[PDB]
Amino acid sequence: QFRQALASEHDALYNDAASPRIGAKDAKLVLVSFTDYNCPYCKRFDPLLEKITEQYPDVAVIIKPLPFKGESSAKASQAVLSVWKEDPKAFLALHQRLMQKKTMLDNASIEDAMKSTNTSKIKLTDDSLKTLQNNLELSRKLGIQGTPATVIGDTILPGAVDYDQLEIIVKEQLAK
């Protein structure tokens, strides 16, 4: 009930237009990053996921924000998803800024991040919460109970690893 769930959730994982993507549209390997903007391990792990896409252009990353850590997690998710829907090219800078914030986010922090990334004119939509609902449903089906969690091929990486190990994992999934 795993490679079965992974197969059953293929479209939700890889083919949701409302889910932000980092890296090439023609990638041979797409990582799916279930992440939380208030999770300290996500803050550690995210820049490694991004580095992968910059170092290895055959790898892309899909971002699935989850709101597990706190209420502002849901609000931050709402912000980046709204930005992706309206201006996909503006998403990355906001995503990075929210991820590197040392403090637990709140509405002020999130509004400030959007101001300094030139995304503050983009309105937080109700429709983007439906994407957040989809991410939550998806997390349940796959048995994801914590962040970060990364789908890489036919396996799920349920925590954070260092870059050397991520390279290793990513390289053999490419070897198939």
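Residue positions are given as counts along the sequence shown, with the first one as 1.
Visitor: Mean CA temperature factor from the deposited coordinates, higher in 112 to 120 or in 131 to 139?
Guide: The deposited B-factors put 112 to 120 ahead on the C-alpha mean.
Visitor: Mean CA temperature factor from the deposited coordinates, higher in 77 to 85 or in 98 to 106?
Guide: It is 98 to 106.
Visitor: Which listed residue, 40, 146, 57, 67, has the largest C-alpha temperature factor in the record?
Guide: Of the candidates given, the C-alpha B-factor peaks at 146.
Visitor: Going by what the PDB entry lists, where does residue 157 fall on CA B-factor within its chain: lowest, middle or highest third?
Guide: It falls in the middle third of the chain.
Visitor: Rank-wise, by C-alpha B-factor, drop residue 29 into the lowest, middle or highest third of its chain.
Guide: Middle third of the chain for residue 29's C-alpha B-factor.
Visitor: Could you tell me which third, lowest, middle or highest, the C-alpha B-factor of residue 164 occupies within its chain?
Guide: CA B-factor rank for residue 164: highest third.
Visitor: What third of its chain's C-alpha B-factors does residue 46 belong to: lowest, middle or highest?
Guide: For residue 46, whose C-alpha B-factor we compare with every modelled residue in the chain, the answer is the middle third.
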